[PDB]
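Asker: Got a structure for you, questions after.
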Amino acid sequence: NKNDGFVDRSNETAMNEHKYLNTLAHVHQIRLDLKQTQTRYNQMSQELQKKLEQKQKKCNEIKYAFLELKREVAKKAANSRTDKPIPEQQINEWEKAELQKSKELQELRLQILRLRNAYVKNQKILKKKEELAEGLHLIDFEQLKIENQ
Amino acid sequence: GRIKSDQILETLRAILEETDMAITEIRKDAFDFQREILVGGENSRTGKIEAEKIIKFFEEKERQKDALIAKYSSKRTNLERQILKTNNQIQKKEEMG
């Protein structure tokens, strides 16, 4: 009454209360389906998240082993002639440069992968748009193909 | 809800794949560095490692990965044209439909 018009459309055709109950049961079914769909969605999301956590932890452990070996060698790194090890500033500069380049290639890999997936989806869409028109899309030329026969 | 959950799924899967690739490349770099330094990067006369060889290895690795980035950019440009053409094709097909 406060939002929609107060006019009642009782002069229309008598919509069946059976139809109303059908729509109510459809609403209940759609709500339940929403529930179970979000159930599976959360299930797969959590599975992906845990797998990503495991992969990231393995990557981190291997990366830190590599970095510890790198630093072990780096402080070992002293000139052959002067025998003065690598300047700590020079080692830090190398570390920053290497980490930045690796990270940059990493987001490049992210973007390339996502763009390539979007690519595959776009070729799939282009092929899938074979539907004729309107309206009857495939059966139309199927019967049309019948006469071509 | 289905759209949002699906999208979070693709985000998680993309992060998975990129983390796997990061692991792969990090371990490849670890192998390369260990081969280059712990095998041929330590001073023999003094018993220490050499600073200059570690230098050259750092700059060479950075240059190689930056060439990787340059080829990445070339592929990204190619894919930019391809994406533009595909978007035009999809929009025209939708309009005709």
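Naming scheme: A, B, ... for chains in displayed order of the structure tokens; residues 1 onward per chain; ligands 1 onward as shown.
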Write out as a ChimeraX atom specification which residues come within 12 Å of residue 35 (chain B) when counting only C-alpha atoms, dropping same-chain ones fewer than 5 positions away.

Answerer: /A:66,69-70,73 /B:28-30,40-42,54,57

Asker: Now that the selection is made, can you save its residues with C-alpha atoms as an mmCIF file, in the first residue's frame?

Answerer:
```cif
data_model
loop_
_atom_site.group_PDB
_atom_site.id
_atom_site.type_symbol
_atom_site.label_atom_id
_atom_site.label_comp_id
_atom_site.auth_asym_id
_atom_site.auth_seq_id
_atom_site.Cartn_x
_atom_site.Cartn_y
_atom_site.Cartn_z
ATOM 1 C CA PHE A 66 67.632 -21.083 -2.451
ATOM 2 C CA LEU A 69 72.298 -20.803 -0.197
ATOM 3 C CA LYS A 70 72.633 -17.630 -2.280
ATOM 4 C CA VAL A 73 77.779 -17.981 -1.249
ATOM 5 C CA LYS B 28 65.126 -23.430 -11.898
ATOM 6 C CA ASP B 29 66.887 -20.246 -10.777
ATOM 7 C CA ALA B 30 68.088 -22.030 -7.635
ATOM 8 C CA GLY B 40 82.342 -22.176 -10.383
ATOM 9 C CA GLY B 41 81.821 -19.090 -8.207
ATOM 10 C CA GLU B 42 84.141 -19.554 -5.200
ATOM 11 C CA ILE B 54 78.389 -13.205 -8.165
ATOM 12 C CA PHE B 57 75.752 -13.712 -12.449
#
```

Asker: Each residue of chain A lying at most 8 Å from chain B should get a row with its shortest atom-to-atom pair and the distance in Å to one decimal, counting only C-alpha atoms; could you produce that, ordered by chain and increasing number, as a Markdown table?

Answerer:
```
| residue | atom | partner | partner_atom | distance |
| --- | --- | --- | --- | --- |
| A:34 | CA | B:1 | CA | 8.0 |
| A:37 | CA | B:2 | CA | 7.1 |
| A:38 | CA | B:2 | CA | 7.0 |
| A:41 | CA | B:5 | CA | 5.7 |
| A:42 | CA | B:5 | CA | 7.4 |
| A:44 | CA | B:9 | CA | 7.3 |
| A:45 | CA | B:9 | CA | 5.6 |
| A:48 | CA | B:12 | CA | 5.9 |
| A:49 | CA | B:12 | CA | 6.4 |
| A:51 | CA | B:16 | CA | 7.3 |
| A:52 | CA | B:16 | CA | 5.0 |
| A:55 | CA | B:19 | CA | 6.5 |
| A:56 | CA | B:19 | CA | 6.1 |
| A:58 | CA | B:23 | CA | 7.7 |
| A:59 | CA | B:23 | CA | 4.7 |
| A:62 | CA | B:27 | CA | 6.9 |
| A:63 | CA | B:26 | CA | 6.3 |
| A:66 | CA | B:30 | CA | 5.3 |
| A:69 | CA | B:34 | CA | 7.7 |
| A:70 | CA | B:33 | CA | 7.4 |
| A:73 | CA | B:49 | CA | 6.3 |
| A:74 | CA | B:54 | CA | 6.9 |
| A:75 | CA | B:49 | CA | 7.6 |
| A:76 | CA | B:49 | CA | 4.4 |
| A:77 | CA | B:49 | CA | 3.6 |
| A:78 | CA | B:50 | CA | 4.4 |
| A:79 | CA | B:50 | CA | 4.7 |
| A:80 | CA | B:43 | CA | 5.8 |
| A:83 | CA | B:46 | CA | 7.1 |
| A:84 | CA | B:51 | CA | 7.7 |
| A:85 | CA | B:51 | CA | 5.5 |
| A:86 | CA | B:51 | CA | 4.5 |
| A:94 | CA | B:58 | CA | 6.1 |
| A:97 | CA | B:62 | CA | 7.0 |
| A:98 | CA | B:62 | CA | 5.9 |
| A:101 | CA | B:62 | CA | 6.5 |
| A:102 | CA | B:65 | CA | 7.3 |
| A:104 | CA | B:69 | CA | 7.8 |
| A:105 | CA | B:69 | CA | 6.0 |
| A:106 | CA | B:22 | CA | 6.7 |
| A:108 | CA | B:72 | CA | 6.9 |
| A:109 | CA | B:18 | CA | 6.7 |
| A:110 | CA | B:18 | CA | 5.9 |
| A:112 | CA | B:76 | CA | 7.1 |
| A:113 | CA | B:14 | CA | 7.6 |
| A:114 | CA | B:14 | CA | 7.2 |
| A:115 | CA | B:79 | CA | 7.7 |
| A:119 | CA | B:83 | CA | 7.2 |
| A:122 | CA | B:86 | CA | 6.7 |
| A:123 | CA | B:86 | CA | 7.9 |
| A:125 | CA | B:90 | CA | 7.7 |
| A:126 | CA | B:90 | CA | 6.7 |
| A:129 | CA | B:93 | CA | 7.3 |
| A:133 | CA | B:97 | CA | 5.8 |
| A:134 | CA | B:97 | CA | 6.7 |
```

Asker: Name the residues of chain A that come out as alpha helix (DSSP H) in a backbone DSSP run; write them as an NGL selection string.

Answerer: :A and (17-76 or 88-128 or 139-148)

Asker: When you draw a straight line from CA of residue 103 (chain A) to CA of residue 71 (chain A), how long is it in Å?

Answerer: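 These two atoms are separated by 19.1 Å.
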
Asker: Which distance in Å separates CA of residue 50 (chain A) and CA of residue 35 (chain A), to one decimal?

Answerer: 22.4 Å
